[PDB]
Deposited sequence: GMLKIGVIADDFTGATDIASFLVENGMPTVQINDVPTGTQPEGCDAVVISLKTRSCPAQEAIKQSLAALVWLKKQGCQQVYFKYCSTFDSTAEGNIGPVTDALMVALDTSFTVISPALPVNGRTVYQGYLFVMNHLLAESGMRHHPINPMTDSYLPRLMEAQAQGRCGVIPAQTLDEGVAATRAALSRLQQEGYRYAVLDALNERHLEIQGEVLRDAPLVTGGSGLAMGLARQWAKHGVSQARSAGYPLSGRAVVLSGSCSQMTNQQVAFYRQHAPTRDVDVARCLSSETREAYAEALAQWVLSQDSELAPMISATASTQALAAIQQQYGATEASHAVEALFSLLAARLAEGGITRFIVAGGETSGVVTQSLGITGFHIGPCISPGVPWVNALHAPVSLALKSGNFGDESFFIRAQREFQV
């Protein structure tokens, strides 16, 4: 099977964000979590491999990324795409520079591009400086980011602190001159000895131009924006997602997130569907968890309503705050995640087929519990949140993180996607 783009992505939410852009722009795509062990899946032109390499030590990030590349090369991958965060989340110790230089050496290439922009979400790049909304990176929220605070907005400096070579810039104005101009400026940087080139983008046309220039680059790096541009080059001779359209069968909402938006979604949905709040006093041990998971699964399965029953832990998420009101939310405890783990397996055994899950940890535990390793990426319910179909279990997932989605997410997930 032909594998056109192989994405190595530094996290899970962004793996699925880029995969969704490829599918929305005509390229069928499977996401596999962790370095793949199998064989290229059927039914896709892109594979997005998801790693946990954004913040771990550089060496672990290099090793995981090279393992991913060995696999992609084995499947005949035509282009490799290193996907990192749109706000260039890294420190002077990595992991964008160290992984990029490693991939370049493994692919025996001397020049690559860096393209973080995603204008539709307010990330733009001008003269090489990254903007979050209407302000420079370093004058935005990112400035006090908990893990990787970003106190400089100039991408070539951010890159050079972290990487071995010199980094150049292709400004918006060159892109505006077009393909020939942009390709000339790229060559010129390379003749001058730059290893890397940051690429400007203020709007989706700029990304389309980059896509057109870089159709055949062996390696390319960036956020999701450039992928969109590359996808539309392949869309250009014809398209027609299907493979990740959700399956038939009963659905369940499993909510573990503590967030403002998840709270709104649970408050809304619970007026429309039978729901049940996870009691923490029944999760405090194994035996109790095991029995409670059974009871809750039997509860879900014995419902008979149009919309999917909900099991929400978001009330429990609000308990520290209920007593000392100086605190707010606290994220779902290990004991509640352990419960969701057991619950998901049993729901699957009892024939639940569609799982609408709120929370990044909860999505993780549900996926790992059903033993799902990868999936076909389907249509969007909301930006960043597509329906997905497991590769080797007949199960469909819609995994939502933190504050993604709108109020009616849990309804739309169902109502706008029937058969």
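- Coordinate coverage of the deposited sequence breaks once, at 241-242, a segment carrying no C-alpha atoms.
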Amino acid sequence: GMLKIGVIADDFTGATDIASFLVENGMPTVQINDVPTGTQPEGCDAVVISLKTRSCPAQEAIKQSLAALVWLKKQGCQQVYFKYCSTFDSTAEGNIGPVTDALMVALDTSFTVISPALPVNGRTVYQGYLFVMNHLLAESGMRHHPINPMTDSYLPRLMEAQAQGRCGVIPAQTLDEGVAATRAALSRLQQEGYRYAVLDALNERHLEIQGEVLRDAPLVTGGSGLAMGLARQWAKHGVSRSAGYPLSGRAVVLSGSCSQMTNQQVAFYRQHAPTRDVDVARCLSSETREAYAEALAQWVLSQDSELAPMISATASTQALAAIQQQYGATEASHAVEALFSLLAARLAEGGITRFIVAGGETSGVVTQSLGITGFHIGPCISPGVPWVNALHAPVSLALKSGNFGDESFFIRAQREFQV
From here on, numbers count along this sequence of modelled residues.
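- Remark: stretch with higher mean C-alpha B factor among 243-251 and 326-334 is 326-334.
- Taking the PDB entry as given, 39-47 carries the higher mean Cα B factor of the two stretches 39-47 and 63-71.
- Out of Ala102, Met142, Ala180, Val220, it is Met142 whose C-alpha atom has the highest B-factor in the PDB entry.
- When the Cα B-factors of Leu307, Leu107, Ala293, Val198 are read from the PDB record, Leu307 comes out highest.
- Ranked by C-alpha B-factor against the other modelled residues of its chain, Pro28 falls in the lowest third.
- The PDB entry assigns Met159 a C-alpha temperature factor belonging to the lowest third of its chain's modelled residues.
- Looking at the C-alpha B-factors along this chain, the one for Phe12 belongs to the middle third.
- For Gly76, the recorded CA temperature factor ranks within the middle third of the chain's modelled residues.
- In the PDB entry, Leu370 places in the middle third of its chain by CA B-factor.
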